[PDB]
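Working notes for the structure below.
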Amino acid sequence: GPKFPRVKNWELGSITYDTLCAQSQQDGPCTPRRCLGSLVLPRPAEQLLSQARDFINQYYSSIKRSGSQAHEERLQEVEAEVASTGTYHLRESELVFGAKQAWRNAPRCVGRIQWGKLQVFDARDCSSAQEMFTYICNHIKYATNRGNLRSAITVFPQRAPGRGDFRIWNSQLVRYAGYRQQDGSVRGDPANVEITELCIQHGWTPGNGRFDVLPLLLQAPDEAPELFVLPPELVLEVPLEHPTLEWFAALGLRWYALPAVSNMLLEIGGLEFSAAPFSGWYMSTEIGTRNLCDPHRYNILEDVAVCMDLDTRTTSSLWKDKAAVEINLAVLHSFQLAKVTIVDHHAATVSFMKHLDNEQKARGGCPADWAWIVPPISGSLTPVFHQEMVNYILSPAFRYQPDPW
Amino acid sequence: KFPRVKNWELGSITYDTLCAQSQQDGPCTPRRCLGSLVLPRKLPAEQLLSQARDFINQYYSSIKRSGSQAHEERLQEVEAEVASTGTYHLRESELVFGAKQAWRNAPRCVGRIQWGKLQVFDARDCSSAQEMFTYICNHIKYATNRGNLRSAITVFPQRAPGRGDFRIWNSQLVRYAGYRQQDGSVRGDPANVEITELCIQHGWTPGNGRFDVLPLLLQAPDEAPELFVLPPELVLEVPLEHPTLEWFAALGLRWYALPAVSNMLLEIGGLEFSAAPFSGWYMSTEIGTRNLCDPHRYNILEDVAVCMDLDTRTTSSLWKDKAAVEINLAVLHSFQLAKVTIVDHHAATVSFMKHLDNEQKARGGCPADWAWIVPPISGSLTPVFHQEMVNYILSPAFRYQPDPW
Ligand code: HEM
Ligand code: HEM
Ligand SMILES: CCN(CCc1cccc(F)c1)Cc1cccc(NC(=N)c2cccs2)c1
Ligand SMILES: CCN(CCc1cccc(F)c1)Cc1cccc(NC(=N)c2cccs2)c1
Ligand SMILES: C[C@H](O)[C@H](O)[C@H]1CNc2nc(N)[nH]c(=O)c2N1
Ligand SMILES: C[C@H](O)[C@H](O)[C@H]1CNc2nc(N)[nH]c(=O)c2N1
Ligand SMILES: [Zn+2]
């Protein structure tokens, strides 16, 4: 065949070849001797200019003026600007295209069918922590939209030679506190124990419930982060109930509507946007399987199983599996009742399959991380399980970055 | 570099040093990860000699006698035979060691905690397809053991340069027929349509049910294959019923007790055993989820869901998930009732975690393929989902080989 990875779907028997992976200029963690695809985090003048040129070239193809006069005049401004300053700045339309392209490029994201519909708020004029807060509130208001969620990103000023970074310290805009107890256990979300404790060191007065919304810790360049409490009425939440298990409501479980990731770096054309929070909507398994059932998260499986009167003393009852199903159903049912957008793992995966086909035609491939794309319950019941995937890093991209502290 | 391997549930880290022993490239490169690919893309005396000495060294090291007269003399024998004849032969105790190690080293196998407990039948004095059948019947009978299943392997004569291979054309020793309809559909197991047709064509009289056991097509070097029908009493089957849903048994479903793979090549010390069928016992998800619920296998989700009166019109009822669970529950129950060995995915993945730990201590690592280890339902509900894994090829190994037609 062709000299590019051959990619097979074992359900359908169909074959494609990824030619896009050719465009990757950044190495992943695998070698011929060993595959490291399952690790979660694997561990410049001419350099900037060349990322810059490539990015501008991508922009000009996307509007189809490749080789044009406008294209070559932009390349020249970018070098001029780097020549005299070490950096450059993006046109507004370049930032919009780049932000959508970073989403499109994210191998781990199963919601990419939506990649073309992203509201980009340009906040590159922001000059204080107070102003970041207003921008974030506006973001949350627009995105939440009383339950009819809308994808969005708000982009704060880029990293700049020898000035401090803009950062949001929280990993998401909405997170529940986790309080370490005398007996070593955690009340709330154990994932958020470090951020919780940071908030307290910075003057936050902590509550003591299981679902306390954290304040944001926002850092403008060369300053200590400042603490901001989110108006409760801006944080839409969904109380959890089950469509037929009437006791489920009695458990007092809830989840917030808006997933908004705030600690990633958006890299476009070599420019680095250290604060660039983005939001979409939830796939139901993120709440109902990982957040509520991981043993290191809320860990509610056994409590639910006991309420369902299952035999929890033996693996072979499938008590875990039965409980997880029902918790997932409650999540979907409750969001539905509340009119808050949510997508189940079947509908998400079907639409990711359609994404794959669309991208096969547009770009000759789609970077995808199979372990993250396949959901955490009912894997082989989804069509993605049966689909081979090629994982690689393209840019623009969202990257992890180290923590500000 | 040596990889760091993190468990995300317990926060523990290990380093894999065993991967340095890999002499054999996988599908990945720094530009792209191809770990989700099922099959490899591709599929002299000095090189045999070095795989040979390496394997001889592994064996003596394993019985402690590394550097003894015996050890040096055995290296000379291997050297003398290769130098003169281009090939060599294993001693039975080496073959036994090498077969156990190949299982040990299989990165896709979740059952490796059992690796040291393997009955090895040496069938290298086999000269006809007639004799392969007898050995195969004895393997089935031994390994079945009236339901108290015992892991086993039978090793037929190695490949030899001058001639065709010994081969078992079937992919397993027990497979159900798949009969294509003139209108595209299939009766029985659509995975087996092609072998089914080969059987008819070599003169099998076909059945017309959903669970007809195939004859074996056994091939001695450079001869047409011959057909052998397995005596029904050797093939232990389990009717499927549900512990509480009485209509479930009405579905007429059943599975065989003995999973015995018969198309993989066993490689030991550079020598290749093209026919080396091996067997153990089932993990219940292999039947319950994949074989019965894959859309391209028996595809019974809908029918179960209908019998359970679930709402089938909408993915967000989680009908697929609920039916899958019950079906896996039926398998486990029916195997337990029939007193036939099986293991559920929770118990299996817990055992594998233990294995990871034994192997860390014994060898500095454990090659494992995360997409194959994590089960096809309730992924994140098992500990393996949260465990990073490093995939690589050690030898002895089980490999794929081309189909003999
Ligand atoms: C429109 C609805 C969307 C859905 C349902 C969705 C779904 C998901 C899910 C389930 C994950 C895996 C998360 C996990 O297990 O922790 C994910 C990863 C991701 N998605 Fe989305 N996505 C959506 C929109 C977005 C948007 C708007 C962006 C950015 C503009 C985005 C970027 C990402 C990135 C960067 C990751 C990877 C995070 C990491 O590597 O840690 N997605 N997506
Ligand atoms: C004793 C119980 C055993 C259990 C429960 C078990 C379980 C499994 C499972 C569930 C798979 C994945 C199969 C699939 O999804 O298609 C598998 C793969 C495998 N196991 Fe086992 N295993 C067992 C014993 C053995 C033995 C005795 C051998 C060889 C002597 C073996 C060698 C393999 C190999 C080579 C694979 C990989 C097949 C491939 O890559 O296509 N296992 N194991
Ligand atoms: C629970 C944490 N998720 C990343 C997982 C992670 C990664 C690295 C280190 C960690 F500790 C944890 C966050 C995440 C990221 C991206 C998307 C989603 N879920 C969503 N539905 C979206 C969030 C923003 C737009 S869609 C969650
Ligand atoms: C269902 C198919 N499995 C092979 C997967 C495969 C690989 C390549 C191409 C395919 F079409 C399919 C068979 C298999 C292999 C190894 C182990 C098992 N299951 C078992 N429990 C055992 C079989 C033998 C010992 S344990 C199944
Ligand atoms: C070790 C393993 O990579 C890790 O637990 C992954 C697996 N797949 C995932 N998939 C998604 N979508 N989210 C995750 O956090 C993870 N965790
Ligand atoms: C494409 C993907 O690798 C493929 O569907 C794999 C995934 N994980 C698997 N895991 C097991 N145990 N058996 C399988 O056949 C597969 N199939
Ligand atoms: Zn890889």
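Below, read A as the first sequence line, B as the second, and so on, with proteins coming before strands; counting in each chain starts at 1. First listed ligand is number 1; within each ligand, the first listed atom is number 1.
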Options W8(B), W372(A), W370(A), ranked by nearest heavy atom to atom 12 (N) of ligand 5, top entry: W372(A)
Per-atom contacts, ligand 5 versus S38(A) - under 4.0 Å to a heavy atom: 1 (C), 2 (C), 3 (O)
Polar proximity ligand 1 side, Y400(A) side, N/O cut 3.5 Å exclusive: yes
Electrostatic pair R112(A)-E359(A), nearest N-O below 4.0 angstrom: no
Nearest neighbour in protein (non-hydrogen) for atom 29 (C) of ligand 1: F278(A) CD1, 3.2 Å
Proximity to ligand 5 by part of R290(A), non-hydrogen separation under 4.0 Å: side chain
Structural part of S279(B) in contact with ligand 2, heavy atom criterion under 4.0 angstrom: backbone
Residue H386(B) vicinity, atoms of ligand 5 by number, heavy atom under 4.0 Å: 5 (O)
Nearest option to atom 10 (C) of ligand 2, as decided by whichever heavy atom of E286(B), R290(B), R150(B) sits closest: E286(B)
Close side-chain approach of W255(B) and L292(B), heavy atoms under 4.5 Å: yes
Ligand 5 atoms in contact with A371(A) (distance to a heavy atom under 4.0 Å): 7 (C), 8 (N), 9 (C), 10 (N)
Distance-only side-chain donor-acceptor flag, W370(B) / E388(B), under 3.5 Å: no
Non-hydrogen atom of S151(B) closer than 4.0 Å to ligand 2: yes
Near atom 21 (Fe) of ligand 2 (cut-off under 2.8 Å), count of protein N, O or S atoms: 1
Shortest protein contact, atom 3 (C) of ligand 1 (heavy atom only): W281(A) O, 3.7 Å
